[PDB]
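Notes follow the structure.
For ligands, and for the atoms within them, numbers begin at 1 and follow the listed sequence. Reminder, nothing fancy here: chain letters follow the sequence lines and each chain counts from 1. The analysis underlying the following values was restricted to heavy atoms, covering all of them including side chains, and did not include hydrogens, waters or symmetry mates.
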2 protein chains.
Amino acid sequence: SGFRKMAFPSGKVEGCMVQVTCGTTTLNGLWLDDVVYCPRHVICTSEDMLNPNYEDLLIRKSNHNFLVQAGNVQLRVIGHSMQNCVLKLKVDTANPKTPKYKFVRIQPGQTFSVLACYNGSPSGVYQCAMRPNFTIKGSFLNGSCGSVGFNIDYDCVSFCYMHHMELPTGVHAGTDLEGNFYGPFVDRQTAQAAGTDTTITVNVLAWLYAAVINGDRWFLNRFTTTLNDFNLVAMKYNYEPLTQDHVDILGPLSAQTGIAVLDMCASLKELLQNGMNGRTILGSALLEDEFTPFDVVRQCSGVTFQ
Amino acid sequence: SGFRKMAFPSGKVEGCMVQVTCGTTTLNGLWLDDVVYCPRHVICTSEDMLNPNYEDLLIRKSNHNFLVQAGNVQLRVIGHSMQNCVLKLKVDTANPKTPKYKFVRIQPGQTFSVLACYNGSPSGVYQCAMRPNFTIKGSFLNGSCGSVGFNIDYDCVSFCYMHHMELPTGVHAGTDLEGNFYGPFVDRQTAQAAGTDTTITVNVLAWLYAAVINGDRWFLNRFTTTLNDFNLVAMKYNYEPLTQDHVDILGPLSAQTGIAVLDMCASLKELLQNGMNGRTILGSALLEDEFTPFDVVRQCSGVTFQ
Ligand SMILES: *[C@H](O)[C@H](C[C@@H]1CCNC1=O)NC(=O)[C@@H]1C[C@@H](OC(C)(C)C)CN1C(=O)OCc1ccccc1
Ligand SMILES: *[C@H](O)[C@H](C[C@@H]1CCNC1=O)NC(=O)[C@@H]1C[C@@H](OC(C)(C)C)CN1C(=O)OCc1ccccc1
């Protein structure tokens, strides 16, 4: 038993991380086969970063302008191109540690592990959720650009996120590995800001089931509610609408605990209207919304990866 | 910016993890050079596990009774011995992935990363603190024994914890890598229980500094307090006494924020006596005590590992 914010083992991604330097900008790259992927704003100077024509900026670059360091080994760049907001540096060496991988784009509400990196060296790993407003509440300092987010499915690394920038509220914005931003953000200097968020209702319900599995039952009740009546409360507390597909996804957890999904909705309704009255759930005094139903089943059952 | 519960990159430990089976018990082992380390209760049956003479149990074992699997490769055991509560299985092959390592025992209040494993396959990584009562609030299911906790210092893995068992409150108990239990727990069947815990005061102060660094200032004040007067409040709320060495350790964070340690103590005093009044700190409605001053400086500054 127990429930922790749990990241995937990071080894498979650690072996892909390299340092990319161009001009005076140093950031991280992801080295898979003979390509290094990194944010295209690496080609920018501090005055470039004010309304860039990236195509013009890139045609003025040379392969030798890109210093790529894999550990203490230099990688010769032999080609360069842009794909949307990422740069693809072709190197003369395929990464012998390339895991089986996929580039996947995730949905707001889904989680992934982030391997925070500086100077091509992994620093830490932690779990993030894609917020409904397409930001992530990460932990990133200067030099962290090019750090990736990912999930692992058996032996296959599904990369879903590349870090680009921090927004004024201290949250983070980036792209998928095709270079397409999550959300309405751009890699040019503007007053862009996160914009309004909501709470991920289905995840809170999953976490309430995690709590019950782990012995926290004080918020349970014999009350029930209808889906529509719950969704009226959800709206009032800035929670995402609950769909029948969410209810279906919560089936296995409902079955394991014997608490009907709509009963757990009634419990969430009371927690929203009443608060917790000085009590905690899984060591939290807040309703947690960054665990998916998958995450709860993963941890309250025990799957591994090879 | 941002602040997350952050584990160390797990790759160096992933390459050490193996599966140890003896009789009908399967658990994890740690393979370093030509030794596999694992909990000695692997030699126990469900009726052995009632008042064992482990020395008698072990003399009845043979090398071939121990099936050691490193991935899909079997490791021939060529010797076996006990060191306290761990077993040392000598194998005919040194682990080519052995990192530079040390066996260190940590202090209550210190943190470490746990690589949860099942069947020798890493499942997840997360950060834990050694509670003052020598338990850890982990996430462990059956088969997780032999999962290790560790810190990484530049390139060197300091192993500090091997998992053995879950206590009736759902918290976890284990040993250092010399096989010496953390706390008053034994690897035989008893009604042993955690016993009373306290809050790690110096860590809460570190986390309050993390909050200030990250822009959370609402709990600050111009009040100050004395060390003795703060420690009277600490006692009343079941917080650990704050020592002058704790104050000294908090110096760099105090200096970076410009908030005297004793001023932050005054703030903690008010938070203890008043609560938060519906506000949060670093996304928490509770005072968090599982980040050390080191952890805060690591994340609010950005160190890496090679
Ligand atoms: C790349 O390593 C870096 C990572 C951020 C620095 C602080 N936290 C981060 O996540 N990203 C940046 O520095 C990006 C590049 C610039 O963005 C464009 C103009 C769109 C190209 C500026 N920027 C950024 O994050 O600015 C906000 C910021 C906040 C805090 C500190 C520095 C910068
Ligand atoms: C080893 O993989 C296993 C891990 C625990 C199972 C559930 N959560 C865990 O952390 N450890 C055990 O099964 C240990 C071995 C036995 O302990 C001795 C008698 C001291 C040898 C029993 N045990 C244990 O953890 O019992 C409590 C328990 C709680 C919940 C589920 C199963 C067992």
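- In this pair, A/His41 and A/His164 present their aromatic rings perpendicular. The plane angle is above 60°, beyond the 30 to 60° band.
- By the ring pair (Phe, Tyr, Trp, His ring centres under 6.0 Å) test, B/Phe3 pairs with B/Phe291, sequence neighbours left out.
- Here B/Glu166 does not pair with B/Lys137 in a salt bridge; the nearest charged N to carboxylate O distance is not below 4.0 Å.
- Judged purely by distance below 3.5 Å, without hydrogens or angles, the side chains of A/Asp295 and A/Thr111 pair a donor atom with an acceptor atom.
- Under the 30°/60° scheme for interplanar angles, the aromatic rings of A/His172 and A/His163 are found to stand perpendicular.
- For the pair A/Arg105 and A/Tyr161, the cation-pi criterion (under 6.0 Å, within 45° of the ring axis) is not fulfilled.
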Between ligand 1 and the protein, tabulate every N or O atom pair separated by less than 3.5 Å, reporting distance only.
| unit_1 | atom_1 | unit_2 | atom_2 | d |
| --- | --- | --- | --- | --- |
| ligand 1 | 2 (O) | A/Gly143 | N | 3.1 |
| ligand 1 | 2 (O) | A/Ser144 | N | 3.3 |
| ligand 1 | 2 (O) | A/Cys145 | N | 2.8 |
| ligand 1 | 8 (N) | A/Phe140 | O | 3.4 |
| ligand 1 | 8 (N) | A/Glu166 | OE1 | 3.3 |
| ligand 1 | 10 (O) | A/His163 | NE2 | 2.6 |
| ligand 1 | 11 (N) | A/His164 | O | 3.1 |
| ligand 1 | 25 (O) | A/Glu166 | N | 2.9 |

